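Engineer: Taken in order, the sequence shown gives residues 1 to 102, 404 to 440; the numbers are from the authors' numbering.
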Amino acid sequence: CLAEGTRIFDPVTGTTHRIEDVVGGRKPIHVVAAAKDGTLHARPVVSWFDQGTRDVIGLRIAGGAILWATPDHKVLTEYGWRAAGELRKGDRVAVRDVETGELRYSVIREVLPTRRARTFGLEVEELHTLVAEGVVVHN
């Protein structure tokens, strides 16, 4: 699950939404979703889930972005999809370049301690993945 405040880019409108507003308003936004072969596609959000309060860890990535997710949340990495809680400083996560919209990988600069926060989830059609805080993750 992704923490309150997690920003999600909609490739269709070009608008960036906070996940808690997308869920609270059941907004049918589109997201940048990643397939298997490492390609990016636009996919619509069809379901919204308020996951309640849970422990979310922070992954600070080269460039400043910090992804806050539950330690069990799957993130696309240089070694495939791994739980966020298994990642360590030095591992590279898949990120969407804000300029080219292309996929690349960035180094995790620091792993932050857990903190309590409302968490959310979504159902992304077909591909069930999305770019949150610029990072490719499971929905």
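Cβ atoms here follow ideal geometry from the backbone N, Cα and C, with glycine treated the same way.
Here's the rule: buried if 16 or more other CB atoms are within 10 angstroms of the residue's CB, otherwise exposed. What is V56?
Structural biologist: Position 56 of the sequence shown, counted from the first residue, corresponds to residue 56. When all chains shown are included, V56 counts as buried.
Engineer: In the DSSP assignment, the beta strand (DSSP E) including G422 goes from what residue to what residue?
Structural biologist: Start at 1 with the first residue of the sequence shown, and residue 422 comes out as number 121. First-last of the beta strand (DSSP E) with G422: 404 to 425.
Engineer: Which residues does DSSP pair with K89 in a beta bridge?
Structural biologist: Indexing the sequence shown from 1 puts residue 89 at position 89. Note: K89 sits in no beta bridge, so no partner.
Engineer: At the level of alpha carbons, what is the spacing between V408 and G80?
Structural biologist: Residue numbering aside, residue 408 sits at position 107 when the sequence shown is read from its first letter. Residue numbering aside, residue 80 sits at position 80 when the sequence shown is read from its first letter. Their backbone Cα atoms lie some 14 Å apart in a straight line.
Engineer: Identify the residues that DSSP records as bridge partners of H73: which are they?
Structural biologist: Position 73 of the sequence shown, counted from the first residue, corresponds to residue 73. Paired residues: none, contrary to the question.
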